[PDB]
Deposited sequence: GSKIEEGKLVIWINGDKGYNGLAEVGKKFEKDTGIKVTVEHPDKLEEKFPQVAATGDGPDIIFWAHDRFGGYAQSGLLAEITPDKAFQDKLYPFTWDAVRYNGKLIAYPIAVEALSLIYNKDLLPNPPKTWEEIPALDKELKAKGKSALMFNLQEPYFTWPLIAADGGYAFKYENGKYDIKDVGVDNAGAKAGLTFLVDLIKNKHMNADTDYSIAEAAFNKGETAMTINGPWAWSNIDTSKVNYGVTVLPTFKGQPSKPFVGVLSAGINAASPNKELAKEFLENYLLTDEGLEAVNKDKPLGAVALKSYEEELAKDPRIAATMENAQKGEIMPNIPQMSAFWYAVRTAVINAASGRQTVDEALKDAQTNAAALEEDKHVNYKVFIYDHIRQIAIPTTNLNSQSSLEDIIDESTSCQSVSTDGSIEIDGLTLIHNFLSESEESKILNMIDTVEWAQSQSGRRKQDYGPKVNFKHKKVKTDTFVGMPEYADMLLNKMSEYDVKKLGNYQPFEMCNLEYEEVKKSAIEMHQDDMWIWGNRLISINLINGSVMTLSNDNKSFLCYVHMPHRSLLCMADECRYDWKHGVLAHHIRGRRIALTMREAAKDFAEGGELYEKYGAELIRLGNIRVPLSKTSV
């Protein structure tokens, strides 16, 4: 679980986490309680997975739109400010962190996108999006460009998409109606069409992301960007003569940015809820606390009335709230993340030209009512040609029967649009029936242990605290007797791919269809386990589901009974794998192996502390 007596805090990497850690020091200096501020990548996706097992940070910072999904599953403690503390923050900020009539987080700051422009290049910024193409031709002739901003996150393109009519969910009768989505109406297509036309006409590049746009603006190479308050600190230190103003209109109408309230939720599994309440209320949500965070990266219009008064004069804040007035505060309902996931894909796919605007927004409309796999392009693995074949017969919910059908049908299909997955290897009939019987009779002489998600396990190897990087070898007395016959047979079949394999862990995983056993999508640890992950299908076959978030690809790999799978290189480091429960039939044992990581092998950094000991134990054999 979560350690008592200290506070662990998650906040995104674009916010002032170093200022927040300074508030944590003042907390530690006063209370002796250590505060540790972390900025994990994808923290907003990790928090629901680790909080639901009783783990994670005591306090999570994000915009409020994420928090209704968390609260729905019970991952956020109700917060209990007294009336005097409630009166210290603007009421509208409290309403952004209300879910089913309960306060679920503290509001910190109000954020909205603005147009940021270089006054020395562009003293009169455009009032309209429509005049940017001609603005770019003028500036292109002078070695500059008009406008660069993050095209990879729909947050930055949403103001333009909403402007002429796009919306997430209609607000009607005091509620958000999830049955009425507006991402494929005329207004949304008009705005995304304009964005895609800007890219077709080379006024923007569909690959531009947050860091590329920020550097270009901050080096003085583009006349405009679009960003929020957290970005101003980096502009300041580059001494570009910038201003902050209203976003341009589109088709005569204002751009409508989704307004975020940066918010602090308290993990429901936390045993430190009183310490978190003390920190947030009397250390962070003070003039001195907010100033420390603001001096690192600006927060926007803070929720605390006293410190906002001291900030009202700032013209950048005034422009932020002018844009906020033209947009809307985001919903916080659970479906907001499905909305964003869907719109993220439409924008990427239309901008790249892979899909037209109409079909990209038609797909996002459908998926905004949904599991981010629904948005990915689906492939089936052709084990003969050893490529993944794009298929529209399969989706993220396809049955085992449909996947098995497709994995033979796909072999007579054109290779167009196919991909290779480097380091995916499938060996169809690795074990004979009698070798499998031999191993299975040995395995069922050994005790099974209860594990996660309806699996049982036999574990041969060290106890590993992955989070603390600590290893115990008390339980590690060797590898199972059948390890040699497997390792030799791996070397005989394909020495280049499966040889020189020193098993650091062998682990049998038992699935039963009656128990709904499964294993969630994951990447296996890369601190102690090395490149090649081996899995051998005993008793029954199944499907390894592979996903690539970076590319939005979903690939089904049918693993027939007695096949060997090896996931290495790209397949191991760029993709996730898992076994969905509805792809298990009867009983299956996955006979898995990990090899040593490089830090643990004969020339690594932890070879002396752990690696040499693990090699000795892994060389001895347990008789059956």
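Chemist: So, counting the deposited sequence from position 1, which segments are absent from the coordinates?
Modeler: Gaps vs deposited seq, in order: 1 to 2, 373 to 375, 630 to 634.
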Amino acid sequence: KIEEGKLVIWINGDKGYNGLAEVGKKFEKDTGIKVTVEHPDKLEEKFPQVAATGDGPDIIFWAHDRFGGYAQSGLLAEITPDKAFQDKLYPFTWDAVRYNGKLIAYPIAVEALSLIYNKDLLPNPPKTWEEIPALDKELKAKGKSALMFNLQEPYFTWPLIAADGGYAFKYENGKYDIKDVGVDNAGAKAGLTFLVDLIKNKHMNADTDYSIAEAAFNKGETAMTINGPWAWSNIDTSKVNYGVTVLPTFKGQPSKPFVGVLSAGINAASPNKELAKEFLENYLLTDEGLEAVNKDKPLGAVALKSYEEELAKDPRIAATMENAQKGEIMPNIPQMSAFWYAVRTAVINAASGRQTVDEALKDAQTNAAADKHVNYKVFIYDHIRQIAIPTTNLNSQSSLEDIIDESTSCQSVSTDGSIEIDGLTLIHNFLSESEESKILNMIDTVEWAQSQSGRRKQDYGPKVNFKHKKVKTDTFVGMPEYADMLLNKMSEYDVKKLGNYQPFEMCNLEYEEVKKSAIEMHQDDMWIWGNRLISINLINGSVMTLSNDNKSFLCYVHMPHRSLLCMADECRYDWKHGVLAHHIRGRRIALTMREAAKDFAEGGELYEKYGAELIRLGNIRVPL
From here on, numbers count along this sequence of modelled residues.
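Chemist: Read off the CA B-factors in the entry, average them over 280 to 288 and over 249 to 257, and name the higher stretch.
Modeler: Looking at the recorded C-alpha B-factors, 280 to 288 comes out higher on average.
Chemist: Please compare 429 to 437 with 158 to 166 and name the stretch with the higher mean C-alpha B-factor in the deposited structure.
Modeler: Per the PDB record, 429 to 437.
Chemist: At the C-alpha atoms, which of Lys472, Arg456, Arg344, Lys326 reaches the highest B-factor in this entry?
Modeler: Checking the PDB record, the top C-alpha B-factor among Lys472, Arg456, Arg344, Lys326 is at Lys472.
Chemist: Highest CA temperature factor in the entry: which of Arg532, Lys219, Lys515, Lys496?
Modeler: Highest C-alpha B-factor among the listed residues goes to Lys496.
Chemist: Ordered by C-alpha B-factor within the chain, which third holds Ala596? Give me lowest, middle or highest, please.
Modeler: Ranked within chain, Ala596 CA B lands in the highest tercile.
Chemist: Determine, from the deposited record, the chain-internal third of the Cα B-factor for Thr320: lowest, middle or highest.
Modeler: It belongs to the lowest third of the chain when residues are ordered by C-alpha B-factor.
Chemist: Tell me, lowest, middle or highest third: where does the Cα B factor of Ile589 rank within its chain?
Modeler: Within its chain, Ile589 is a lowest-third residue by C-alpha B-factor, going by the deposited values.
Chemist: When the deposited Cα B-factors of this chain's modelled residues are ordered and cut into thirds, is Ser114 in the lowest, the middle or the highest one?
Modeler: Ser114: CA B-factor falls in the lowest third of its chain.
Chemist: Classify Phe553 as lowest, middle or highest third according to the C-alpha B-factor given in the PDB entry, relative to its own chain.
Modeler: Middle third - that is where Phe553 ends up once the chain's C-alpha B-factors are sorted.
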